[PDB]
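Coming up is one lone chain in structure tokens, specifically the form deposited in one PDB entry.
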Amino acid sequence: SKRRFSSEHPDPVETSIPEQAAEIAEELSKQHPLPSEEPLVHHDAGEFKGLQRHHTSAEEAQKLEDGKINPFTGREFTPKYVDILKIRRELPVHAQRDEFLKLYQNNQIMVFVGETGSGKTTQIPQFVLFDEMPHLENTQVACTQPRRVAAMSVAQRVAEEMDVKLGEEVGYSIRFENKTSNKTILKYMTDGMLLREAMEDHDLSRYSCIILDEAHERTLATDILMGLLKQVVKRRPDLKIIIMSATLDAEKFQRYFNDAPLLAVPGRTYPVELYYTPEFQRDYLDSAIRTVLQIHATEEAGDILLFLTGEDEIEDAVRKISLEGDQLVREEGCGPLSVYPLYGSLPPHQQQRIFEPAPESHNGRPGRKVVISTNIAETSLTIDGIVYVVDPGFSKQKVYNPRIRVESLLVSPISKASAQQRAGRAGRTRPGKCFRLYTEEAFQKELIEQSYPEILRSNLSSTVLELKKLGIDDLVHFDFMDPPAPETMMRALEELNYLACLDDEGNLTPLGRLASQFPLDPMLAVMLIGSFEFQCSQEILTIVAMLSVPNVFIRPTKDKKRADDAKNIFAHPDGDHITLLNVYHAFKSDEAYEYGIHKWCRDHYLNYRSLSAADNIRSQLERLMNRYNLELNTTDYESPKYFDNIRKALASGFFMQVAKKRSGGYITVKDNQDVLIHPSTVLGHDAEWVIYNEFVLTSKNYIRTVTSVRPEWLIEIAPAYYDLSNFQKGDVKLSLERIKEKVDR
């Protein structure tokens, strides 16, 4: 039966300030409706005249590839293209081009499996372009990657293989980073971005072929896309789907996709000798560094791939290995050693450096390259010339606590399957070696066989909103390859209703619709959207952008006091979220610019990479706010309301991540969890109630990035949530009872 609302138990949608803001924006949007998307353009001067769609062969395409003129653009092929062409033609998938074409031509969905390095991501979509000729039928081909870095780097490489400009006929799309145009035929993109395109066009009508790549990684976005496309093909006989995977055991995929056929590429990996440590290695970074330097000093020529876990750790390793490499050249006459980082947030000009040839030695001992990478390099891309892998056995992995309902990103041991994939990267060129920084027994007995798919390790708040925007009513029966626990889904539905993104019958509100237009977690989107109602949308836009990048404050272990003093320049007491606004504002100041911005960040213990990323995100979010008619406004800094307005806007999104100082640590409003303020913040005595950005789970529970709030504001802004009937007996409830009493008198 329809839920009943009253003053005692009010309607979360009728009492949401962001919902008011979205209703205003929506009416403004109706006054001037958005034009439809720019149409595709293409080139056609008869070059494909001799080819028939879905009846082409490898020979016909080779004739076109060998021709004088690039058939996709009408410009003469360069000499560089021709040299690239000869080399990629030795890739293993080329030997099965006709077998692949036949499967593609005769089936709507197919599964394609092959080892990393075999040429799946770069070659197959080019094979499809010849047979499908998508640009001659007003369409594109999409190829999704779980990893940003893979999509960006392969798109750059495939633009060169196809002899076209990046962003034109070959382009990429990542959240906040678009490199496509009306000319784009082949779009590499993260799986999350094709999911966002589907939210706007449920049938994905722009694509005639969609290739879901690296499916063995089983990311959440990839799982949703699989479930969606298994329905879209029923409506779209003109859509073909290719599922590509590294894991040569793809039985489960074929079954899930209606017994689709499988094309398997036989492996061509050279033998790799495995080395283990005799004992447990307690401190793996220094063991890794020693191992890389030993290899460099004693092994024959061949590059090194070191797997680490995250960007600060990799930059620290790059610095130490570079220094120690240089010491070896000068002290022992080792060959030159170049050292490159690879991790998720790296800028594309820096991604490309990993493919540079090793330096030439002028002294008789081998010059060598070390790439220090996350598990991006486990299966998603290949650096030619690797012969040695160092595997500390760890990666950063999302874990989920069902009761607490909290996702945590933690460094933990990898699976045996991941360890096998890491070792395999040493055998792409010739017999290689893999140095595992753990015992053969830890590998045989202690590592789990296989990591669980991401959907079983996620809060599903974004996922539920996406599925709703996609027009899925019955979330429980959505056809996931591995369904999540139904309770996780139900908790997500309830949160979204409290945020007023869904009403109580599970339908999208104007706020839910508008929130779905922002590539942000729902709490952030709702905070942003509502913020012009609190007269601080300029400031909240900054804050949301800063919450979308990592912690910008550098704190070296042996330089804490100077790093802490620098942060205090920007820190707002009882207001970590305002600290974020202060640092971004200083970063964008004329003064920092005149100081020289790179130097300015270093001297102030700030990460330029992170700030620069926030600045781009802020520009892209601003463009969405303009597109969807969310006013950019602000309040005089000297207004007595200036900081109140910011705290209120924050509360409008984050009212469910609130903690109260214990009467007799803090206690969370949601689930009554005992927590400590994370040591990165010390609050004053006036911070009885705070909003936190993050719940941190180590041996104890902390909340991190905390700003104080008046509890009266919480009741005012989120009365359906702060309904005392909702609360268990205890400290929080008591304190809230007293606050309500007093708000009346």
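Only residues modelled in both forms are compared. Between two forms, the rigid core is the largest collection of C-alphas that superpose within 1.5 Å. Position 1 is the first residue in the sequence shown; the rest follow in order.
Heads up, the form deposited in another entry isn't pictured, but that's what we're talking about next.
The only C-alpha among 723, 14, 23, 737 that moves by 2 Å or more between the shown form and the other one, given a superposition on the rigid core, is that of 737. Whereas the displayed form keeps them at a certain spacing, the CA atoms of residue 732 and residue 17 lie at least 3 angstroms farther apart in the other form.
Relative to this form, the distance between the C-alpha atoms of residue 722 and residue 736 is increased by at least 3 angstroms in the other form. After superposition on the rigid core, residues whose Cα atoms move by 2 Å or more in a run of at least three fall only at 731 to 745 between the shown form and the other one.
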